[PDB]
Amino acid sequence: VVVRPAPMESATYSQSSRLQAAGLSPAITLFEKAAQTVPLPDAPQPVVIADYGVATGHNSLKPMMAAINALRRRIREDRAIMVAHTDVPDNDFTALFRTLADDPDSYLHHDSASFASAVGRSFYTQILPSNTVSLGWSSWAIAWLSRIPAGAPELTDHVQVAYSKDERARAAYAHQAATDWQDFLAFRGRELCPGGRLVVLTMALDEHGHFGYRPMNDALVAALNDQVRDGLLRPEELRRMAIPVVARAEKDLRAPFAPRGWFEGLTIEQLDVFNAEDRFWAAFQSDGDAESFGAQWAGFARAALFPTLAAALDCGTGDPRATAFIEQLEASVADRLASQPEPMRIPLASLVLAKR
């Protein structure tokens, strides 16, 4: 009865996550810096790196490689480095291991003493042994709520609570986000080695409290309403639809720590809130290709958001009706955004956390 979000669309995520990759780029630098200076386990104990919310692994290759290269300048070439990639049980881990084996950029192909493992258990509980993780990485994952909050009203705007006019919905989602953030920190706080570092990149509210992706939100809500208008989607199904993704303001990220600035042995060593460059807009300004613009944005939304939407359908998620819903929705959202291209705000927060 605890309703959870759906994992990324395995078949398209690696090809539809260029936005996420561009956005996390600044956090890689922080992660690399952390790897250069973090206290290390006593030799020859393996150095453990944890990647919280891996999906298909495609976007993990760059940050993992950056950390490993930094560590190699500090340790013997034969010393083991273990990367623990974590996600939910229903993530496609076969896709992950194929990425790790097949992608030329995989750290497995660049470092003969690196190892990979997967953990398919929610990161809102402790999932790794205490005091073992030297370096933690988590990008575009903690914005996902553990659940649609208990007793929260159905979102009439469906796709994002930030754009809802229902006061009770906003508070329910915000409380769930606060609880999840506390839980995430509590358990990473146990998993990290003393002196260990954790780098988090997540969806933020900008300085003016805004979520962003406004034209995307509009195009998605309009595309969903068109399907119920066309009789393709049932009104009962649309009412059920909700994407439990939550952005956090700077005060929300500091909440567990204030006022003394420590929470469960963890402190914020660095925090940045910024707006990621809108690369799809930059490309559109350059080549004037409106269709490509629509397809870029639609693909991003499909791989990340549509499985959660498709889970509200009466039929199973493996049903041919669900595939048709996905494809039609992607095509519609593409058309709307292509017809009037605009820049979008992509607000992010990057944090470096340290353990006592």
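Start at 1 and count along the sequence shown; that's the residue number.
S.K.: Tell me which stretch, 309-317 or 34-42, has the higher mean Cα B-factor listed in the entry.
M.R.: It is 309-317 that shows the higher mean C-alpha B-factor.
S.K.: Between 135-143 and 74-82, which has the larger average Cα B-factor in the PDB entry?
M.R.: So the stretch with the higher mean C-alpha B-factor is 74-82.
S.K.: Which is it among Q270, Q160, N91, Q176: the one with the largest CA B-factor in the entry?
M.R.: Each of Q270, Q160, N91, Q176 was compared by C-alpha B-factor; the highest is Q160.
S.K.: Reading the B-factor column of the entry, which of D102, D226, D183, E250 has the highest value at its C-alpha atom?
M.R.: Going by the entry's C-alpha B-factors, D226 comes out highest.
S.K.: Using the B-factors in the PDB entry, rank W297's C-alpha atom against the chain and give the third, lowest, middle or highest.
M.R.: Middle third of the chain for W297's C-alpha B-factor.
S.K.: Ranked by Cα temperature factor within the chain, is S122 in the lowest third, the middle third or the highest third?
M.R.: Its C-alpha B-factor, which the entry lists for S122, ranks in the lowest third among residues of this chain.
S.K.: Going by what the PDB entry lists, where does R170 fall on CA B-factor within its chain: lowest, middle or highest third?
M.R.: Highest third - that is where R170 ends up once the chain's C-alpha B-factors are sorted.
S.K.: Could you say whether, by C-alpha temperature factor, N217 belongs to the lowest, middle or highest third of its chain?
M.R.: CA B-factor rank for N217: highest third.
S.K.: Among the modelled residues of its chain, does the C-alpha B-factor of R234 lie in the lowest, middle or highest third?
M.R.: For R234, the deposited C-alpha B-factor lands in the highest third.
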